[PDB]
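Contents: one structure, followed by commentary.
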Amino acid sequence: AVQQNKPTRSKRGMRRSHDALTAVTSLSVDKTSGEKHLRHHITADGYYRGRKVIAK
Amino acid sequence: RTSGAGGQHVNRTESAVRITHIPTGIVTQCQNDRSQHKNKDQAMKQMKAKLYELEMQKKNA
Amino acid sequence: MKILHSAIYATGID
Amino acid sequence: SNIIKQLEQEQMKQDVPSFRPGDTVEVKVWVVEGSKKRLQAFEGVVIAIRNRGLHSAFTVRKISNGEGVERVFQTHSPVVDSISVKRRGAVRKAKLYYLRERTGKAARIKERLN
Amino acid sequence: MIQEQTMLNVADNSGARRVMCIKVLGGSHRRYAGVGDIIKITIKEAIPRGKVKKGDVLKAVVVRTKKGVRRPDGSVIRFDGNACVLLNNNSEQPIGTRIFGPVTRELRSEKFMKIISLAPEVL
Amino acid sequence: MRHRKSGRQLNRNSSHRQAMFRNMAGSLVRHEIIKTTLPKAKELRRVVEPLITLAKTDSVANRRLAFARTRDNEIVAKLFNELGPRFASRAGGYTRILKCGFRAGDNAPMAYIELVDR
Amino acid sequence: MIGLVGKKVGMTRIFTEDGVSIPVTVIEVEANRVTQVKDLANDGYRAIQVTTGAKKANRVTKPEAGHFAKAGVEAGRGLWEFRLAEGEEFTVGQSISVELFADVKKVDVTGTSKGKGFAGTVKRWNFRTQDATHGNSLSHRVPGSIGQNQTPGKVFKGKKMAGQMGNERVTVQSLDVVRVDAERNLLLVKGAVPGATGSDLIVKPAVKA
RNA sequence: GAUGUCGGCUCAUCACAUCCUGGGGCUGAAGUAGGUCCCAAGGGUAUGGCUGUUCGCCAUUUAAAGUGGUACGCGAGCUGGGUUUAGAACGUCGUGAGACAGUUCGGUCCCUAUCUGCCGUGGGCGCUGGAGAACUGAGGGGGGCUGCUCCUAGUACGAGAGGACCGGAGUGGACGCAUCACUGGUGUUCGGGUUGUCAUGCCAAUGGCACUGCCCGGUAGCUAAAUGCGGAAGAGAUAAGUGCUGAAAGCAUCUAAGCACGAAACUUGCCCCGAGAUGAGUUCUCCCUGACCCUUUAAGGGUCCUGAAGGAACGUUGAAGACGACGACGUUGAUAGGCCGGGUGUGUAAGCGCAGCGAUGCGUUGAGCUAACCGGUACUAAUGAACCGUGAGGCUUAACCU
RNA sequence: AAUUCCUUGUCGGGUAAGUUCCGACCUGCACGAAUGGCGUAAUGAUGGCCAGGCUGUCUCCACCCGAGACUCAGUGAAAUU
RNA sequence: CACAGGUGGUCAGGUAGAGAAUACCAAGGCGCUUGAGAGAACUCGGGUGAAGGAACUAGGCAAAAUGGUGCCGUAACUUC
RNA sequence: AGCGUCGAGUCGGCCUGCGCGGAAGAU
RNA sequence: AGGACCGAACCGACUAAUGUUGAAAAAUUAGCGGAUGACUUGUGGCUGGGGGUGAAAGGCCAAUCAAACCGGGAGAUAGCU
Ligand SMILES: [K+]
Ligand SMILES: [K+]
Ligand SMILES: [K+]
Ligand SMILES: [K+]
Ligand SMILES: [K+]
Ligand SMILES: [K+]
Ligand SMILES: [K+]
Ligand SMILES: [K+]
Ligand SMILES: [Mg+2]
Ligand SMILES: [Mg+2]
Ligand SMILES: [Mg+2]
Ligand SMILES: [Mg+2]
Ligand SMILES: [Mg+2]
Ligand SMILES: [Mg+2]
Ligand SMILES: [Mg+2]
Ligand SMILES: [Mg+2]
Ligand SMILES: [Mg+2]
Ligand SMILES: [Mg+2]
Ligand SMILES: [Mg+2]
Ligand SMILES: [Mg+2]
Ligand SMILES: [Mg+2]
Ligand SMILES: [Mg+2]
Ligand SMILES: [Mg+2]
Ligand SMILES: [Mg+2]
Ligand SMILES: [Mg+2]
Ligand SMILES: [Mg+2]
Ligand SMILES: [Mg+2]
Ligand SMILES: [Mg+2]
Ligand SMILES: [Mg+2]
Ligand SMILES: [Mg+2]
Ligand SMILES: [Mg+2]
Ligand SMILES: [Mg+2]
Ligand SMILES: [Mg+2]
Ligand SMILES: [Mg+2]
Ligand SMILES: [Mg+2]
Ligand SMILES: [Mg+2]
Ligand SMILES: [Mg+2]
Ligand SMILES: [Mg+2]
Ligand SMILES: [Mg+2]
Ligand SMILES: [Mg+2]
Ligand SMILES: [Mg+2]
Ligand SMILES: [Mg+2]
Ligand SMILES: [Mg+2]
Ligand SMILES: [Mg+2]
Ligand SMILES: [Mg+2]
Ligand SMILES: [Mg+2]
Ligand SMILES: [Mg+2]
Ligand SMILES: [Mg+2]
Ligand SMILES: [Mg+2]
Ligand SMILES: [Mg+2]
Ligand SMILES: [Mg+2]
Ligand SMILES: [Mg+2]
Ligand SMILES: [Mg+2]
Ligand SMILES: [Mg+2]
Ligand SMILES: [Mg+2]
Ligand SMILES: [Mg+2]
Ligand SMILES: [Mg+2]
Ligand SMILES: [Mg+2]
Ligand SMILES: [Mg+2]
Ligand SMILES: [Mg+2]
Ligand SMILES: [Mg+2]
Ligand SMILES: [Mg+2]
Ligand SMILES: [Mg+2]
Ligand SMILES: [Mg+2]
Ligand SMILES: [Mg+2]
Ligand SMILES: [Mg+2]
Ligand SMILES: [Mg+2]
Ligand SMILES: [Mg+2]
Ligand SMILES: [Mg+2]
Ligand SMILES: [Mg+2]
Ligand SMILES: [Mg+2]
Ligand SMILES: [Mg+2]
């Protein structure tokens with residue numbers, strides 16, 4: 001099945017009104033390193049909740 | 001529908017007729033012609049002829 | 001079933 | 001869990017004998033035929049045992065009048081009056097469904113002496 | 001659980017040996033018949049000299065089924081074959097004078113007391 | 001419907017899952033820390049931790065059971081000599097899972113799974 | 001009249017002295033505490049609001065805590081209402097036990113059925129599956145035709161199609177009351193009631209009996 | 001410059017000129033059983049043999065196996081048996097190529113759904129401060145079937161045969177809703193037997209592959225064939241019909257004034273959805289009681305301070321689930337995993353010892369192992385925080401209090 | 001009858017029931033003897049009918065194992081208008 | 001098309017096997033150029049199934065079933 | 001008309017205006 | 001010995017399913033027929049369009065066949081859209 005009339009840019013925008021992304025609400029700050037990280041995720045340096053969980 | 005000579009085609013008409021005598025129970029059916037009226041007339045002749053035979057058989061007893 | 005040109009089946013009324 | 005456990009353990013018989021598949025047992029049941037109430041015996045080989053506490057059941061197979069009859073008794077049902085192990089059998093399976101296609105010398109089960 | 005086209009063995013000395021169910025009587029769109037249900041049967045095999053002949057349409061009552069019957073306590077009594085007793089088409093009474101094999105208490109009714117009496121065992 | 005069911009298919013059949021988990025269990029015991037996807041790490045907890053409970057008691061039958069489940073004598077030897085005594089007092093929580101972001105080639109949630117005594 | 005709110009424990013069997021095995025459903029009906037009584041003046045209708053169970057203090061919100069504080073009862077796991085019949089009166093804080101069903105012979109049980117999720121037409125509406133052989137092409141459990149060539153040229157409202165099945169309010173009526181255990185706060189009813197183990201059930205005296 | 005046909009399957013929907021069930025008039029209506037007409041569309045309204053068949057005949061059922069419309073409903077839902085595309089043969093016609101409203105054998109059925117419609121499920125804003133719950137009910141949908149037996153009663157009736165009305169119980173068929181207590185199915189995540197081959201150095205013991213290699217059982221979950229429940233009673237207004245009183249019209253008259261009945265039809269009563277019901281409803285509870293400055297000086301803007309109830313987000317997850325959504329938890333913690341105990345299933349593990357030439361048997365031993373099950377356990381993971389959400393909430397008119 | 005319109009000709013067999021099938025009759029619309037007639041063992045991915053076994057073909061579907069469908073990240077069409 | 005297609009000759013290991021069939025391996029080569037999740041309807045490829053057993057259908061379509069070696073034994077008809 | 005009695009109209013036919021029944025279909 | 005039998009390679013294509021904007025402008029999967037012969041296959045050569053070849057289907061003659069393809073007559077003709 002195919003369209004009988006060309007959909008408009010108005011309908012295209014209405015369909016895409018729910019396609020917007022959502023940014024991260026907030027970023028946790030480690031209590032030892034002070035680096036920013038996603039909550040419940042280790043930091044880039046390898047620290048999670050004040051402990052160097054992975055050695056580099 | 002005409003089962004004979006046209007019962008195969010996609011388009012079938014109610015040209016075939018069947019005349020059944022209610023008291024006696026003798027059945028008669030005609031499908032030769034394309035018109036139901038002509039088929040009814042032919043069946044009427046055959047059924048009346050059969051009834052004529054019934055009275056003849058009564059005499060032939 | 002006969003396939004006509006342009007690869008379309010012959011399902012016409014005859 | 002605990003509630004159902006208490007409700008079921010307060011209805012279980014404590015006089016259930018210990019039997020294993022392949023053991024020939026005789027079960028007494030209350031017929032309740034008409035007004036009178038009598039006991040009928042059903043002796044056969046146990047072919048399947050289901051152990052679910054109150055919902056426990058066992059299947060007994062018997063060749064009666066040339067016809068094979070299998071009866072599934074509820075262990076704790078009041079209709080069952082007594083279970084007696086007439087003979088002990090030697091098997092290597094919990095289920096003995098292969099006895100449904102054997103008759104005569106092929107349906108014999110070795111006795112478990114010790 | 002006997003539907004149409006189901007083959008059954010006779011449990012009486014009526015002369016037949018194998019019968020086939022052709023109609024499950026007792027209502028509209030009825031599917032299965034258990035122990036104690038009247039069915040319409042046809043005779044496929046029969047002994048050379050008996051009361052009934054091959055190709056006869058009669059009535060019968062099922063006395064044994066492989067599906068089995070269920071008791072109020074949850075017990076089930078399963079047989080190794082489907083068996084029926086031939087009945088007269090009008091009086092619905094047994095034709096033979098003997099019953100072969102055990103039967104169940106589901107037949108303990110005023111209509112089939114003759115079958116109960118003639119049965120060897122009622123389990 | 002999957003009411004009251006346990007087990008992740010992980011887009012694999014039974015044979016592939018068992019082989020993959022056996023290899024992953026051996027790698028985790030050998031290195032004491034490995035990086036893998038979060039769903040696989042959560043299923044690895046249910047196959048490696050039972051292998052350390054079996055290693056708390058040393059016997060020929062237990063050794064053969066571990067070899068039948070791991071198919072690596074080095075892993076069996078390490079389980080019944082080092083990991084066994086190390087986790088002898090501990091019960092249950094022999095492993096830890098730490099999420100470490102997402103993979104580069106695909107947006108696969110990754111995590112680190114290690115041993116709590118490391 | 002009014003009913004009680006309980007929890008589904010499971011199913012078991014009861015053996016009677018004549019050998020009959022009765023499949024029963026265990027319902028845990030503890031004390032129900034009245035939180036608010038409604039009248040024809042302030043509310044326009046007569047009913048009582050009741051609560052049961054217990055809830056964590058750290059999860060009971062302040063508006064709910066204030067409502068329970070005014071009622072004077074301890075916080076429960078929810079709030080339900082029952083319509084008051086004529087000549088029936090209750091007070092705030094009164095506790096209603098399973099003894100209410102001591103003389104009740106048949107009851108109606110209302111619960112939330114187990115959710116099947118998105119279900120097909122065959123499962124949801126008992127549609128007949130088409131032929132599995134004889135040349136069938138990709139149409140085995142499909143619904144089939146859903147209208148007419150023209151007139152109306154549309155699909156009527158309420159057409160039986162695929163969609164959500166279960167997870168909805170279901171009532172079973174006229175269930176025999178096997179036993180009322182006041183000491184253990186239990187209600188045993190013959191048969192099965194909607195929902196899974198641990199779900200909240202509403203038991204009322206039968207209306208059609 | 002294309003609206004695909006017969007029949008079958010699946011799914012239906014409407015009409016009443018009603019097949020059954022329901023209510024009545026007449027009867028050449030003793031009863032039972034009928035004939036005819038009127039009202040009534042709530043529900044229900046067969047399986048097989050033959051044939052491509054619709055139809056029809058036959059066999060056996062049923063309360064009944066209704067009549068029609070819907071593109072002779074329905075091929076962007078399925079089929080392709082018939083509809084003679086292309087091949088071939090028979091009878092027949094023609095000299096022939098070929099052709100028969102004839103017969104016979106064989107003969108490719110495409111489309112990822114844009115809009116309307118329908119089945120489910122969400123996001124936004126509104127409902128005039130914000131928030132958390134519980135409801136009311138304008139409206140809408142679902143359901144409405146009936147057999148057999150017994151009692152009344154072998155009574156009424158009838159010469160006999162036969163055989164009731166009304167009323168009351170029980171048990172079935174079909175259908176529908178739930179559920180896994182039972183009986184079963186499944187259960188490639190549990191246990192065991194066994195064939196071929198390869199590997200762990202080798203024996204033993206195991207693992208890989210051969211459809212889960214072939215099998216035998218089976219936990220939980222799901223599920224029917226399994227077992228619980230349902231159709232209602234009652235009420236109001238009536239259809240056909242039946243009447244009371246009563247004139248027009250001294251009589252008569254169910255009607256013109258009045259009054260009483262009267263059906264599975266209608267409205268309720270039973271179940272479910274339901275305040276986007278913009279006519280946006282009701283009840284309970286909870287939270288916010290700073291300052292200053294501009295102005296185009298009013299339902300105005302800005303700055304500093306403040307951030308409440310609650311929500312959102314994240315993680316552990318669910319008998320909730322396509323995704324959202326919904327539910328339970330997040331250390332003051334049993335939410336999930338692991339661990340302990342038990343249960344269940346399988347069936348007497350490995351090692352060792354004895355007997356036997358050996359296969360193998362016996363003992364340790366109902367042993368070992370055991371998924372989703374049950375009761376516990378903080379061992380592991382659910383982090384302190386941060387974010388959104390404000391600071392008493394317009395005008396007019398009445399009624400009270402002040 | 002690969003030929004028969006009437007025709008589902010009539011009789012018999014098979015089936016509870018057979019417009020198909022087999023055996024007959026001859027009333028051959030419109031068979032017929034090298035555009036061969038009648039039979040025929042064997043053979044046939046040939047047409048029709050029947051029987052045993054077998055089975056989810058079906059009564060009437062149920063569960064499970066995988067590949068898509070669904071969500072996330074990357075790339076990224078088509079008919080049609 | 002870095003395309004489930006087509007393309008002639010030569011070599012011919014072990015175990016089981018009549019075998020160049022088939023199952024598992026040796027030497028050798030390869031895991032097929034998007035992955036990660038979840039475990040709805042529906043589609044595709046399979047496994048199992050209570051009772052019945054072709055009642056389905058134009059039609060036993062499709063599935064299911066048989067299946068090797070040795071021995072015993074084997075009908076009408078026949079061009080032997 | 002009602003049951004001699006009875007004590008004011010009554011009996012139908014015709015032509016005519018407007019009405020009633022005959023009058024059942026499918027989203 | 002056999003245009004003998006069963007059955008691999010090899011040669012075909014009888015049934016069903018999938019696909020039919022396909023992995024593929026004819027295939028895949030499961031079955032299926034022949035498989036010492038009128039067999040199959042490599043290389044090279046010959047037959048040319050009213051012609052070739054055809055165990056005969058109007059079949060094949062470069063994905064095109066009741067008269068191949070290319071260029072020309074040619075802007076054939078079109079009372080038709
Ligand atoms: K109706
Ligand atoms: K189960
Ligand atoms: K041992
Ligand atoms: K002829
Ligand atoms: K000849
Ligand atoms: K052939
Ligand atoms: K071959
Ligand atoms: K030419
Ligand atoms: Mg979008
Ligand atoms: Mg779980
Ligand atoms: Mg994938
Ligand atoms: Mg395998
Ligand atoms: Mg659910
Ligand atoms: Mg069907
Ligand atoms: Mg196709
Ligand atoms: Mg298919
Ligand atoms: Mg259509
Ligand atoms: Mg057009
Ligand atoms: Mg009418
Ligand atoms: Mg109506
Ligand atoms: Mg009504
Ligand atoms: Mg047949
Ligand atoms: Mg049509
Ligand atoms: Mg119609
Ligand atoms: Mg069609
Ligand atoms: Mg199609
Ligand atoms: Mg055809
Ligand atoms: Mg031709
Ligand atoms: Mg549109
Ligand atoms: Mg309705
Ligand atoms: Mg069950
Ligand atoms: Mg259970
Ligand atoms: Mg089982
Ligand atoms: Mg296993
Ligand atoms: Mg060995
Ligand atoms: Mg290997
Ligand atoms: Mg098994
Ligand atoms: Mg009067
Ligand atoms: Mg009167
Ligand atoms: Mg725990
Ligand atoms: Mg073992
Ligand atoms: Mg054990
Ligand atoms: Mg005949
Ligand atoms: Mg000729
Ligand atoms: Mg010839
Ligand atoms: Mg994407
Ligand atoms: Mg590639
Ligand atoms: Mg290639
Ligand atoms: Mg080749
Ligand atoms: Mg090979
Ligand atoms: Mg291999
Ligand atoms: Mg799947
Ligand atoms: Mg499938
Ligand atoms: Mg199979
Ligand atoms: Mg089966
Ligand atoms: Mg079976
Ligand atoms: Mg059979
Ligand atoms: Mg048939
Ligand atoms: Mg049929
Ligand atoms: Mg086949
Ligand atoms: Mg097969
Ligand atoms: Mg008129
Ligand atoms: Mg040959
Ligand atoms: Mg060829
Ligand atoms: Mg092939
Ligand atoms: Mg051959
Ligand atoms: Mg061959
Ligand atoms: Mg030709
Ligand atoms: Mg060509
Ligand atoms: Mg020419
Ligand atoms: Mg010129
Ligand atoms: Mg030109």
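Chains: A, B, ... in order of the structure tokens. Residues: from 1 per chain. Ligands: from 1, in order shown.
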May I have the residues within 8 Å of ligand 42, computed using only C-alpha atoms (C1' of nucleotides) and all ligand atoms, as a list in words?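 Selection of residues at most 8 Å from ligand 42: residues 347, 366 and 367 of chain H.
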Can you write just those residues out, N, CA, C and O atoms (P, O5', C5', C4', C3', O3' and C1' of nucleotides), as a PDB file, in the first residue's frame?
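As a result, part12.pdb now contains:
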ATOM      1  P     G H 347      14.236 -42.549  36.639  1.00  0.00           P
ATOM      2  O5'   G H 347      15.422 -43.091  37.549  1.00  0.00           O
ATOM      3  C5'   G H 347      16.782 -42.843  37.206  1.00  0.00           C
ATOM      4  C4'   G H 347      17.675 -42.893  38.420  1.00  0.00           C
ATOM      5  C3'   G H 347      17.842 -44.284  39.031  1.00  0.00           C
ATOM      6  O3'   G H 347      19.170 -44.468  39.519  1.00  0.00           O
ATOM      7  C1'   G H 347      16.926 -42.805  40.642  1.00  0.00           C
ATOM      8  P     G H 366      19.845 -47.820  51.648  1.00  0.00           P
ATOM      9  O5'   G H 366      18.548 -47.128  51.035  1.00  0.00           O
ATOM     10  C5'   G H 366      18.208 -45.788  51.374  1.00  0.00           C
ATOM     11  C4'   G H 366      18.621 -44.820  50.293  1.00  0.00           C
ATOM     12  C3'   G H 366      18.271 -43.356  50.560  1.00  0.00           C
ATOM     13  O3'   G H 366      19.277 -42.523  49.986  1.00  0.00           O
ATOM     14  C1'   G H 366      17.236 -44.056  48.565  1.00  0.00           C
ATOM     15  P     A H 367      19.567 -41.064  50.594  1.00  0.00           P
ATOM     16  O5'   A H 367      21.053 -40.744  50.124  1.00  0.00           O
ATOM     17  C5'   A H 367      22.151 -41.511  50.595  1.00  0.00           C
ATOM     18  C4'   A H 367      23.177 -41.714  49.510  1.00  0.00           C
ATOM     19  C3'   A H 367      23.506 -40.488  48.674  1.00  0.00           C
ATOM     20  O3'   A H 367      24.448 -39.639  49.304  1.00  0.00           O
ATOM     21  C1'   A H 367      23.153 -42.352  47.256  1.00  0.00           C
TER      22        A H 367
END
Skip residue 75 (chain E) itself and residues of its chain fewer than 3 positions away, then list as a PyMOL selection string all residues within 6 Å of it, counting only C-alpha atoms (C1' of nucleotides). (chain D and resi 72-73) or (chain E and resi 70-71)
Give me, as a PDB file with C-alpha atoms, in the first residue's frame, the residues of chain E touching chain D, with the criterion being at most 8 Å (counting only C-alpha atoms).
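Final file, part22.pdb:
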ATOM      1  CA  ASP E  73     -12.290 -37.209  45.457  1.00  0.00           C
ATOM      2  CA  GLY E  74     -10.330 -36.596  42.244  1.00  0.00           C
ATOM      3  CA  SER E  75      -9.526 -40.236  41.484  1.00  0.00           C
ATOM      4  CA  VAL E  76      -9.547 -41.423  37.871  1.00  0.00           C
ATOM      5  CA  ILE E  77     -10.245 -44.949  36.603  1.00  0.00           C
ATOM      6  CA  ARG E  78      -8.645 -45.498  33.190  1.00  0.00           C
ATOM      7  CA  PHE E  79      -9.155 -48.597  31.044  1.00  0.00           C
ATOM      8  CA  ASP E  80      -6.970 -49.877  28.209  1.00  0.00           C
ATOM      9  CA  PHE E 100     -17.530 -59.128  29.353  1.00  0.00           C
ATOM     10  CA  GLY E 101     -15.057 -57.135  31.420  1.00  0.00           C
ATOM     11  CA  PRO E 102     -15.488 -54.812  34.388  1.00  0.00           C
ATOM     12  CA  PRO E 120     -18.519 -59.496  36.297  1.00  0.00           C
TER      13      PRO E 120
END
Within 7 Å of chain F, which residues of chain I are there when counting only C-alpha atoms (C1' of nucleotides)? Please give them as a PyMOL selection string. chain I and resi 66+72-73
Next, the residues of the selection above should be written as a PDB file, in the first residue's frame with C-alpha atoms (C1' of nucleotides).
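Done, and the output landed in part25.pdb:
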ATOM      1  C1'   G I  66      15.496 -20.842  17.222  1.00  0.00           C
ATOM      2  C1'   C I  72      18.883   1.103  21.497  1.00  0.00           C
ATOM      3  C1'   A I  73      23.450   2.891  18.483  1.00  0.00           C
TER       4        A I  73
END
Can I get the residues of chain A within 9 Å of chain I, each with the closest pair of atoms and their distance in Å to one decimal, using only C-alpha atoms (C1' of nucleotides), sorted chain first then ascending number, as a Markdown table?
| residue | atom | partner | partner_atom | distance |
| --- | --- | --- | --- | --- |
| A:1 | CA | I:79 | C1' | 8.5 |
| A:2 | CA | I:80 | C1' | 5.5 |
| A:3 | CA | I:80 | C1' | 5.7 |
| A:4 | CA | I:81 | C1' | 6.0 |
| A:5 | CA | I:81 | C1' | 4.8 |
| A:6 | CA | I:81 | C1' | 4.7 |
| A:7 | CA | I:81 | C1' | 8.4 |
Report the distance between CA of residue 48 (chain F) and CA of residue 25 (chain F) in Å, rounded to one decimal place.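 We find that CA of residue 48 (chain F) and CA of residue 25 (chain F) lie 5.7 Å from each other.
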